[PDB]
Amino acid sequence: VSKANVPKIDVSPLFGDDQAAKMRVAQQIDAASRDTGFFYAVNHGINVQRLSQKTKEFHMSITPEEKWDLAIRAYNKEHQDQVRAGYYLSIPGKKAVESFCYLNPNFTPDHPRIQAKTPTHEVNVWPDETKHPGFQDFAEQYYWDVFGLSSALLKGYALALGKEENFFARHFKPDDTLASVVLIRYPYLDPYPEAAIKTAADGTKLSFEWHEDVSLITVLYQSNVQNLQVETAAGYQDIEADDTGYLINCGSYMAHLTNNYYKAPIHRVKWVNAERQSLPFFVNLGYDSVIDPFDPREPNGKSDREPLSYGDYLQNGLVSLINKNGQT
Ligand SMILES: CC(C)[C@@H](NC(=O)[C@H](CS)NC(=O)CCC[C@H](N)C(=O)O)C(=O)O
Ligand SMILES: [Fe+3]
């Protein structure tokens, strides 16, 4: 098994006003997006230290009672409004991973999308503050820290594609973004239940099967345990871990709107028996956001693809990923 070329790109110019330096970042984003589809964003300005410090613990201190009380509807029929946000329980002997998903903190009962009961919008659920002091504050703060990094990255992608820097970011707004954070725990287990291990066609033991991400881009922090592989024509290649950087890739909404010029890389999660964290931020637009497709391979830039509303894209994609790769 070979190793994927995953360049480390200093993204710090994307926060500044040196326009040629921003173009030199954009060139690197373009090159990576046309190669394996992954890069590490470094010099990103976020305190990923601990982000990790916490997150395993939140993880290491929630009880079964609290898990049921926060569980999504797949695990708790009483919680019919929790499709996306809440706790995703492990099933000892069967399913090792567990996770906690939250959405835009601005989705409250006052928000018109909550009032209208629009699909994919939910009010976040949180544990008791006294049992988990500082957790909600940390998690909401983190959402906006990674929102800020993601905005800057979106400026890089726009410039890489020959657009003005706000081409994507103008649709990525605190008042309506459908972006989500997931705090994932992958446990060490001895014995590890074979029922929680999948076998790929090529024989590789996996925790999560091949997929394209449902996102515009995905902005991922993981602890220092190698696990991800990306598909290339020559087969799957290992993505090296880097617990100081953010691993970035495009999702299928980007592939759609660029006429597949920036493909959504197919990737999977190898099985590794080690305690680790996987903390994605899925960069989603607003429910009504529409980006007009274009084809940067064509002299006239024109695409015949239909502009997709982001919310309907997300509703279709999240359901499809559950059906194909299982309830997480
Ligand atoms: C590699 C990570 C992205 C992580 N995988 C994942 O998070 C996988 C594949 S991208 N993602 C999902 O299942 C979609 C979660 C969507 C979320 N509940 C929401 O409503 O927005 C892992 O470590 O398994
Ligand atoms: Fe993924």
Side-chain angles (χ1 to χ4, degrees), residues 1-14 19-44 149-169 171-172 210-220 222 228-239 241-242 245-262 264-268 280-285 291-301 303-305 307-308 310 313 317:
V1 181
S2 62
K3 295 182 187 308
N5 184 257
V6 181
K8 298 182 196 302
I9 300 178
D10 184 333
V11 296
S12 65
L14 296 178
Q19 310 301 334
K22 289 156 75 168
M23 291 293 280
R24 293 186 292 271
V25 174
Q27 185 277 325
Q28 293 171 261
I29 292 173
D30 177 72
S33 298
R34 297 283 292 159
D35 189 14
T36 75
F38 284 88
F39 67 95
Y40 274 106
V42 302
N43 211 7
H44 46 67
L149 170 59
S150 294
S151 295
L153 296 173
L154 288 181
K155 294 180 187 173
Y157 274 100
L159 292 172
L161 290 158
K163 303 293 196 147
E164 62 95 10
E165 74 176 18
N166 292 311
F167 179 83
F168 298 114
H171 300 282
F172 186 55
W210 75 267
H211 62 290
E212 296 182 344
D213 284 353
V214 181
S215 67
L216 177 62
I217 67 174
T218 301
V219 178
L220 173 66
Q222 296 199 311
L228 289 170
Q229 300 186 312
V230 54
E231 189 175 45
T232 75
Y236 281 90
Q237 299 185 337
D238 281 329
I239 295 172
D242 181 347
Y246 276 88
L247 185 66
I248 317 302
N249 64 274
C250 291
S252 57
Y253 194 81
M254 183 73 79
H256 178 74
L257 72 90
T258 66
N259 220 116
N260 219 43
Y261 181 75
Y262 289 176
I266 290 171
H267 55 284
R268 65 191 188 182
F281 182 64
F282 295 104
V283 178
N284 294 320
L285 302 181
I291 295 181
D292 292 338
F294 63 102
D295 189 342
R297 307 181 196 79
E298 295 289 349
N300 68 8
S303 170
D304 286 351
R305 290 186 172 189
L308 294 183
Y310 198 93
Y313 157 83

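This chain uses plain numbering: 1 for the first residue, then up along the sequence. Below, each value reflects all heavy atoms present in this structure, side chains not excepted, and no hydrogens, waters or symmetry copies.
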Side-chain donor/acceptor of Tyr253 to backbone N/O of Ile217, under 3.5 Å: no
Any side-chain to backbone donor/acceptor pair from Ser252 onto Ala255? Under 3.5 Å, distance only. no
Worked check of side-chain contact (heavy atoms from CB on, under 4.5 Å) between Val11 and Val42: CA-CA 6 Å; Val11 296; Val42 302; over 6 Å; no
Less than 4.5 Å apart, any side-chain heavy atom of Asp242 and any of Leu247? no
Is the NZ or CZ atom of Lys163 positioned over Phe294's six-membered ring, under 6.0 angstrom from the centre and within 45° of the axis? yes
Between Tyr246 and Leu149, does the side-chain contact (heavy atoms from CB on, under 4.5 Å) criterion hold? Intermediate values first, please. CA-CA 10 Å; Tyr246 276 88; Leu149 170 59; 3.7 Å; yes
To the nearest 0.5 Å, what is the distance between CG (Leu153) and CZ (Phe168)? 12.0 Å
dist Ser151:OG -> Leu14:CG (nearest 0.5 Å) comes out at 11.0 Å
Using modelled atom types and a 3.5 Å cut-off, is there a donor and acceptor pairing between side-chain atoms of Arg34 and backbone atoms of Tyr261? yes
Between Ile9 and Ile29 the two heavy atoms that sit nearest each other are CD1-N, 3.8 Å
Which atom names give the shortest non-hydrogen contact between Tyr313 and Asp213, and what distance separates them? OH-O, 3.8 Å
Rounded to the nearest 0.5 Å, the CG atom of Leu228 sits from the CD1 atom of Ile239 at a distance of 5.0 Å
Strictly distance-based, threshold 3.5 Å: is any side-chain N or O of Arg305 a donor or acceptor partner for the main-chain N or O of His256? yes
Between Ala264 and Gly251, the two heavy atoms sitting closest are CB-C, 3.5 Å
Closest approach of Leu216 and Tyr310, non-hydrogen atoms and distance? N-OH, 3.2 Å
Nearest 0.5 Å, please: how far is CD in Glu231 from CD1 in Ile266? 5.0 Å
Criterion side-chain contact (heavy atoms from CB on, under 4.5 Å) on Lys155 and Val25, from CA distance to verdict: CA-CA 10 Å; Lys155 294 180 187 173; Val25 174; over 6 Å; no
What is the distance from atom CG of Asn5 to atom CZ of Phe39, rounded to the nearest 0.5 Å? 13.0 Å
To the closest 0.5 Å, what do you measure between CG (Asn300) and CG (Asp295)? 8.5 Å
Taking the side chain as everything from C-beta on, heavy atoms only, tell me whether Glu165 gets closer than 4.5 Å to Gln19. yes
In short, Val6 meets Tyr40 closest at the heavy-atom pair CG1-CD1, 3.6 Å
A side-chain contact here means heavy atoms from C-beta on lying under 4.5 Å apart; do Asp30 and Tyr262 qualify? yes
Check: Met254 and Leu161 side chains under 4.5 Å, non-hydrogen atoms: yes
Okay, side chain of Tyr236, backbone of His267: is any donor-acceptor separation there less than 3.5 Å? no
Looking at side-chain heavy atoms only, is the closest gap between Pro265 and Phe38 below 4.5 Å? yes
Derivation of the side-chain contact (heavy atoms from CB on, under 4.5 Å) call for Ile248 and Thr218: CA-CA 6 Å; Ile248 317 302; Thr218 301; over 6 Å; no
So do the side chains of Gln237 and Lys3 get within less than 4.5 Å of each other, counting heavy atoms only? no
N/O donor-acceptor pair under 3.5 Å between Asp10 side chain and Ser12 backbone: yes
Closest heavy-atom contact between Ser215 and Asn284? CA-OD1, 3.6 Å
